[PDB]
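Below you'll find only one chain, the form deposited in one PDB entry, shown as structure tokens.
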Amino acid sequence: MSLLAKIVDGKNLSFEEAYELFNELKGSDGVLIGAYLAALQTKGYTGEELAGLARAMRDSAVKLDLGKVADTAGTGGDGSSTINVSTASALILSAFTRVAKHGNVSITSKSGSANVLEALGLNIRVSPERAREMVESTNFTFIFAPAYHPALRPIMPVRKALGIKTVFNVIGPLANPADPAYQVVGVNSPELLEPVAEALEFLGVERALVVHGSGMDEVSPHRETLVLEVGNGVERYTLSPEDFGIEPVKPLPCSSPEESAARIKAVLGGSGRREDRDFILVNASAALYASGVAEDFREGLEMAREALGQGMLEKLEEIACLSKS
């Protein structure tokens, strides 16, 4: 109510106040949660607010011990139904470095990455100890957010009932309890680039890219991508598809997680639609760059492309098998 009055008055919360707010929401009646989420969304976000809420959400999560990991994500998925490039990007990145992909419920309350990974044969809820074995054996695991954030249990039905976007759509990608050192975070509108970048700074990420490509929460293979790079301060620049060494190409629509899975798998084995391949590769390139395995985006695409083939399909089947053990 005090924090609610401050928000309703248009005042931005401090990092500490936002950390407190998560713990208040955690134990609040639905009426108060609804009020906080609608008011907060009407006001808008600062980086300090996103980071405080996200840090409190990590601290309340099921604990993970996965070492130094990378993640790639979007606050949506969002917009059109295109293939799930953050999932494909995370799988390609595991050829190079440890990945713990956080999943990351959509506005429908379902995780698009969780549906795609299930279609690729994963059991998507794994224990913390299964997750550690997955990373140690394959460099990859999937952390399904509803399973790792029991504190959100009273919040989920409120988010469902309100139907509007809320702060939880933005902090989802910031709330990975593995504490990723490296992150790609796509955002669904350009006004979120600066607060999300500042929040990653507040959270101590070693290197991150916050991207907004052709109006979507991903790197575009077709038009310009706005980028904020975090790690030496915050740097702003714009990428074009030519910076990755591809010709511009428009992504093609997708109707179901099953189709999304099949098209991603075909790319991973070195085949697939050229439009899917180049869309996946520019996003994989950004993940390799953010995790320091590539020095620039042209090299990141070149290295990601060389990893596709039979070995990548073999990695995928052992990830699937290990997740069901």
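Definition used throughout: the rigid core is the maximal C-alpha set that superposes within 1.5 Å between two forms. Start at 1 and count along the sequence shown; that's the residue number.
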With B-factors read from the PDB entry, the higher C-alpha mean of 108 to 116 and 172 to 180 is in 108 to 116
Of 139 to 147 and 155 to 163, the stretch with the higher mean C-alpha B-factor in the deposited entry is 155 to 163
Per the deposited entry, the peak Cα B-factor within the set 213, 241, 79, 251 goes to 79
Residue 304: C-alpha B-factor third of its chain, per the entry, is the lowest
On the chain's distribution of Cα B-factors, residue 235 falls within the third called highest
Of the three thirds of the chain ranked by Cα temperature factor, residue 94 occupies the middle
So, residue 198's CA B-factor, relative to its chain, sits in which third? The highest
Quick tally, chain-level thirds of C-alpha B-factors: residue 220 sits in the lowest
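Below, we turn to the form deposited in another entry, even though it does not appear here.
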The one residue in 160, 130, 165, 110 whose CA moves 2 Å or more between this form and the one not shown on rigid core superposition is 110
Per the comparison in the other form, the residue 110 and residue 253 C-alpha atoms (change 3 Å or more) are positioned closer
Against the displayed form, residue 120 vs residue 109 by Cα, in the other form, with 3 angstroms or more change: pair is closer
